[PDB]
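In what follows, a single structure is set out as structure tokens and then discussed.
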């Protein structure tokens with residue numbers, strides 16, 4: 001048995017990661033706990049479109065490289081988040097449409113991936129393209145209005161820019177096998193495999209809460225996507241109230257699926273969370289371990 005999350009996951013050939021924010025790196029409790037416990041890092045905001053290309057053709061990697069360097073200095077691998085998304089676009093990109101937008105999307109992917117070529121193990125190439133609800137439709141955005149092929153174009157561009165990276169599609173509310181959103185994602189991945197569109201992984205954000213609760217059929221979802229020929233990953237896990245039982249169930253679901261790469265929790269302490277009022281993480285505000293921490297560690301250790 002191992003005494004830290006990352007080391008315990010590594011015994012099954014998997015990882016246990018977190019989200020890191022550059023503004024929190026002066027807090028010694030945060031950096032020492034994150035350093036000890038996790039073997040994979042995602043930048044919370046610093047690799048988004050607005051942060052990396054604030055003006056067209058003018059790239060800024062200062063904050064992104066602060067997070068990247070912290071990770072490598074502390075023995076962690078890095079997941080890149082995210083290259084093409086409807087949210088957090090800089091103003092200059094919000095103003096573009098059609099072919100002009102398509103070329104700017106391509107240039108953005110090429111510029112960011114070139115800076116990190118061979119250094120980032122997984123990329124969230126496209127994020128959150130499906131609508132919520134019963135339709136299974138694509139979400140409305142400038143990207144989607146440019147044509148249904150925008151997602152395929154982003155993946156083909158990314159494969160050529162860095163052939164060593166695993167390329168993921170990432171979304172939320174896609175964990176329950178019976179939901180229309182889940183089935184729309186399934187049909188997209190099946191079509192991409194038939195037609196030779198490069199896609200290596202699917203990311204399940206796994207934001208579980210009262211409106212989008214955990215279901216035992218999550219294991220069925222993971223197995224059915226893996227059977228299409230993709231790896232699966234849990235990318236932004238948090239659970240309202242941090243119940244020990246649900247945290248253990250999600251961990252066991254990943255361990256039961258041969259192509260489940262690992263789990264990232266979306267922050268360190270409850271006070272670091274984007275939804276801090278829902279106390280949804282594994283560490284208390286003082287850095288102490290919650291009951292859910294013990295349930296996850298025990299599941300990883302068998």
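Please tell me the relative contact order of the chain in percent, rounded to the nearest whole number, where contacts are Cα pairs under 8 Å and at least six residues apart.
17 percent.
In terms of the Cα gyration tensor, with a ≥ b ≥ c the square roots of its eigenvalues, is region 12-89 rounded because a/c is under 1.5, prolate because a/b exceeds b/c, or oblate?
Prolate shape, in that a/c is at least 1.5 and a/b is the bigger ratio.
When you count, for each residue, the other Cβ atoms within 10 Å and take the mean per peptide, how do 238-245, 122-129 rank with the highest first?
Highest-to-lowest ranking by the protection proxy: 122-129, 238-245.
Nearest 5 is fine: what % of DSSP beta bridges in the chain come out antiparallel, could you say?
So the antiparallel bridges amount to about 10 percent of the total.
Quick check: the angle from helix 244-255's long axis to the longest principal axis of the chain, C-alpha only, nearest 10 degrees?
60
Assuming 0.36 nm per residue, please report the length gained on full extension of the stretch residue 245 to residue 132 beyond their Cα-Cα distance.
Result for the pair: 38.0 nm of gain on full extension.
Using R₀ = 25 Å, calculate the FRET efficiency as 1/(1 + (r/R₀)^6) where r is the Cβ-Cβ separation of residue 149 and residue 187; round to 0.05.
Rounded to the nearest 0.05, the efficiency is 0.95.
Please provide three numbers in whole Å: the alpha-carbon extents of region 110-264 along the principal axes, with the largest listed first.
Sorted largest first, the three principal extents are 43, 35, 28 Å.
How do 274, 177 rank when sorted from fewest to most other Cβ atoms within 10 Å of their own Cβ?
274, 177
How big is the gap, in Å, between the Cα center of region 180-230 and the Cα center of region 145-171?
Cα centres, region 180-230 to region 145-171: 16 Å.
Over what distance in Å are the Cα centres of region 1-70 and region 76-100 separated?
Using only Cα atoms, the two centres lie 19 Å from each other.
Order by neighbour count: 61, 130, fewest other Cβ atoms within 10 Å first, most last.
Ascending Cβ contact count within 10 Å gives the list 61, 130.
Hey, what number do you get for the chain at 222 nm if only DSSP H runs of n ≥ 4 count, each worth -39500 (n - 2.57), divided across all residues, to the nearest 500?
Helix-only estimate at 222 nm: -11500 deg cm²/dmol.
Of the listed peptides 8-21, 149-162, what is their order by residue-averaged count of other C-beta atoms within 10 Å, with the highest listed first?
Going from most to least packed, we get 8-21, 149-162.
Classify region 177-302 as rounded, prolate or oblate from the Cα gyration tensor: take a ≥ b ≥ c as the square roots of its eigenvalues, call it rounded if a/c is under 1.5, otherwise prolate when a/b beats b/c and oblate if not.
prolate
Determine one quarter of the surface area of the Cα convex hull of the chain, which equals its mean projected area, and express it in nm² to one decimal.
That works out to 14.6 nm², a quarter of the Cα hull's surface.
With ideal geometry, Cβ positions are generated from the backbone for all residues, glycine too; neighbour counts draw on all protein chains shown. Values quoted throughout were computed directly from the atomic coordinates according to the rules given, and no laboratory measurement underlies them.
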